[PDB]
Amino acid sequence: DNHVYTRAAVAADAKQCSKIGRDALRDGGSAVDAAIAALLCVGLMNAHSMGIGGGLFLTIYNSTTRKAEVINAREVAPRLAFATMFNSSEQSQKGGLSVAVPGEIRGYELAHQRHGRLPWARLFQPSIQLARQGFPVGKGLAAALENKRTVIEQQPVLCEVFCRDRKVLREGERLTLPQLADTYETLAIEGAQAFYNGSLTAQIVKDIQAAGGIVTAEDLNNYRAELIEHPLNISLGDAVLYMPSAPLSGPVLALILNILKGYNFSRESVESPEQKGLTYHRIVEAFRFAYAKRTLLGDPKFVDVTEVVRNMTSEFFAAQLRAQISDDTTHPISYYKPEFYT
């Protein structure tokens, strides 16, 4: 296959999950149904990357109303969290205290309420099967398992699913996830409320606090996914690009491309080593300028970023940065004016 499709396409980071999304489309599901169904599958096949214990954002475009929206379902610091709770990378990276309140399931639910066509339960069905029957460990997960061999092998609760005779599974070996299968089934039947204010809730709280965390039932009961009706956008030629603003990196992306659009890149830009070299140099300098401004970004509900984001999405501001890009040299850190306060 070349993967050019006449009618519909799903691009995911596991084949089986792309197929699961595609099948939902074929059965009448909206773009959102396919995405939710694929995501539940990636949560299984790339369990190291994402899943119902985490959070997500969706950028959704409706070709009928021609409106784009964003769904914010990223995790939130628990009610008991505070600025100085951690004193080492190790405390913020490992154990229950490192856990933020998961938003994933509230995020699927909100997207589905707004855009779904297949029943909720249908979205989980093929992933329930997959987790019970098992699948060969793919390349990515195999690499992750290798990378984290030590911690996995010394933690019985992880080795339980991720090992074979106390040693981490390898590429091609069968991984089964029988407890997640049950959990996905509960979610399919009882709905999102099972996670957040229902039959899974007390267990979640108990797992997190047992590992030293501080998430409580109230945190889960309180979690809300958020509809953002006006996502960030920038104009590029005849096109608009929709992307999430803070707390995500739309503003960084916007600024990178706005700096670069003023150079009018084309296939010529890469045709000779002279031009190609300059082109890539320009790219790297735009990265540098864009990341300088990124240190001002934060959750817009707690930090006023209105004007930081105005600047980052402004073409004039990008033109001012493009003019400081020297064609023959890069510069020291301070040249790009990274700021840590305003």
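All residue numbers refer to positions in the sequence shown, first residue = 1.
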Once you work out the mean C-alpha B-factor for both 95-103 and 150-158 from the entry, which is higher? 150-158
Higher avg CA temperature factor (163-171 vs 107-115, as deposited) belongs to 163-171
When the entry's CA B-factors for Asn221, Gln179, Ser272, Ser127 are compared, the highest one belongs to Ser272
Relative to the other modelled residues in the chain, which third contains the C-alpha temperature factor of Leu187: lowest, middle or highest? lowest
Can you tell me which third, lowest, middle or highest, the CA B-factor of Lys206 falls into for its chain? middle
Where does the C-alpha B-factor of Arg267 rank in its chain, lowest, middle or highest third? highest
Based on the deposited C-alpha B factors for this chain, I'd like to know if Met85 is in the lowest, middle or highest third. middle
Among the modelled residues of its chain, does the C-alpha B-factor of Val240 lie in the lowest, middle or highest third? middle
